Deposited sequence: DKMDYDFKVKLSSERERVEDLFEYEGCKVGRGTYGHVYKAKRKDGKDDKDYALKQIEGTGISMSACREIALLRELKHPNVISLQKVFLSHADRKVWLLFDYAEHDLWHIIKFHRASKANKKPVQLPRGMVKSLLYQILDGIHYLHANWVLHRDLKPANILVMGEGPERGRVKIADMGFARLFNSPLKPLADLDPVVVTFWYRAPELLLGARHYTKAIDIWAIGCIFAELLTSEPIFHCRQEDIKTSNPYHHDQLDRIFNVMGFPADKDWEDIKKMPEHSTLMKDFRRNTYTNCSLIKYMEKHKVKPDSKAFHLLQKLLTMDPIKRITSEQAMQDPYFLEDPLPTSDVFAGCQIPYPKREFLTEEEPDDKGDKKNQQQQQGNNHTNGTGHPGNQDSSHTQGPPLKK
């Protein structure tokens, strides 16, 4: 029992995504999230590319309901922006319109990784904008819970040239050691560890903890191979982690005696007495309560040292990275 005049009036007025946008065979990505398309306005009062996400499943899912709820309130230059929501009544599919990010850190790093067989003005700028975006979210009690290069987008040519855009779409490379020891809850510290891993990856072009129930032995073994096994003094409440007895069963301090972040970063040509390393060490702290916060990280003298970070991460240069291939 719904009013007919009300029904036909809305149906008449309702903007349909197929009518407004051209996206046929422009599928930029598929995943858990759903399908993402590089789109353009058909009624050409706009020539910027837009990212257009059809959500996985039907109807207003639990996932779909949270994404819409949060992004509709969020506004910050280093966090991805929701432009419009289309509710397609026929098939009950939900569409989400975003601005289009040409690049991301997964591809940028892989490109430099291929270039062997990464400018430090860019690195500092990348890190700063990541920390600025997370500080905004953390301030609003919004955790990311899955930070990694692929989720750190970077805008291509346009009015937002080279601005970082934090986004959110089976590897444990960026996962903090407390989660690996069975931490019940996500935290702001867990996001900071992942930022530390990324910053290590930006400097070296290598994932610092590369590898491959909550417990994961070989991933822990890699962390200790790089960081060293932590002293009781370094992380006191490690004893209170649910998987501490399993850790003590499987691992021995003696194994990682000649291991440190200093020794690791020397092997990948980064000086241990640089302001960049001392910040990295403060981000990659084993004890969650001994990691600096995103606000504190932004206040590090590293960002006052030459070269200063820039709004355009690319610093006005020609961009050597290739555009997104369609799927």
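Peer 1: Go through the deposited sequence from residue 1 and tell me which stretches lack C-alpha coordinates, in order.
Peer 2: Gaps vs deposited seq, in order: 1, 119 to 124, 177 to 196, 240 to 246, 362 to 405.
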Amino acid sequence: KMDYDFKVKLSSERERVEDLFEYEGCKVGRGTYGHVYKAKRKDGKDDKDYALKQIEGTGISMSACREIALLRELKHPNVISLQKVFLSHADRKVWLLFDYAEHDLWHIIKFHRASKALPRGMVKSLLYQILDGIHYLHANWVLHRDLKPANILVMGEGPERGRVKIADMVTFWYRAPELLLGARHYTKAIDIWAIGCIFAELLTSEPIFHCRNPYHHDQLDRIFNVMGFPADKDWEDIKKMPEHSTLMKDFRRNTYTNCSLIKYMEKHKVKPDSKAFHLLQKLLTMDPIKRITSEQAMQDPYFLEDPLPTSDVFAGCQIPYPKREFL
From here on, numbers count along this sequence of modelled residues.
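Between two forms, the rigid core is the largest collection of C-alphas that superpose within 1.5 Å.
Peer 1: 118 to 126 versus 68 to 76: which one's CA atoms end up farther from this form in 9 other deposited structures of this protein after a core fit?
Peer 2: Clearly, after the core fit, the stretch farther away in 9 other deposited structures of this protein is 118 to 126.
Peer 1: I'd like to know which segment deviates more from the shown structure in 9 other deposited structures of this protein: 186 to 194 or 84 to 92, using C-alpha RMS over all structures and residues after a core fit.
Peer 2: Farther on average in 9 other deposited structures of this protein: 84 to 92.
Peer 1: Checking the other PDB entries with both flanking residues built, is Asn213 absent in a third or more?
Peer 2: Comparison shows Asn213 dropped in at least a third of the other entries.
Peer 1: Should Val170 be counted as unmodelled in at least a third of the other PDB entries compared?
Peer 2: Yes, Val170 lacks coordinates in at least a third of the other entries compared.
Peer 1: Report the stretch with the higher mean CA temperature factor, choosing between 41 to 49 and 293 to 301 on the basis of the entry.
Peer 2: Higher of the two, by average CA B-factor, is 41 to 49.
Peer 1: If you average the CA temperature factors over each stretch, which comes out higher, 106 to 114 or 121 to 129?
Peer 2: Higher mean C-alpha B-factor: 106 to 114.
Peer 1: Comparing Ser11 with the other modelled residues of its chain, is its CA B-factor in the lowest, middle or highest third?
Peer 2: Ranked within chain, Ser11 CA B lands in the middle tercile.
Peer 1: Should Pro214 be placed in the lowest, middle or highest third of its chain by the C-alpha B factor in the entry?
Peer 2: Its C-alpha B-factor, which the entry lists for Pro214, ranks in the highest third among residues of this chain.
Peer 1: Hey, what third does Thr310 fall into on Cα B-factor, ranked over its chain?
Peer 2: It belongs to the lowest third of the chain when residues are ordered by C-alpha B-factor.
Peer 1: Tell me, lowest, middle or highest third: where does the Cα B factor of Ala64 rank within its chain?
Peer 2: Its C-alpha B-factor belongs to the middle third of this chain's values.
Peer 1: Split the chain's modelled residues into thirds by Cα B-factor; is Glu243 in the lowest, middle or highest one?
Peer 2: Middle third, going by the recorded CA B-factors of the chain.
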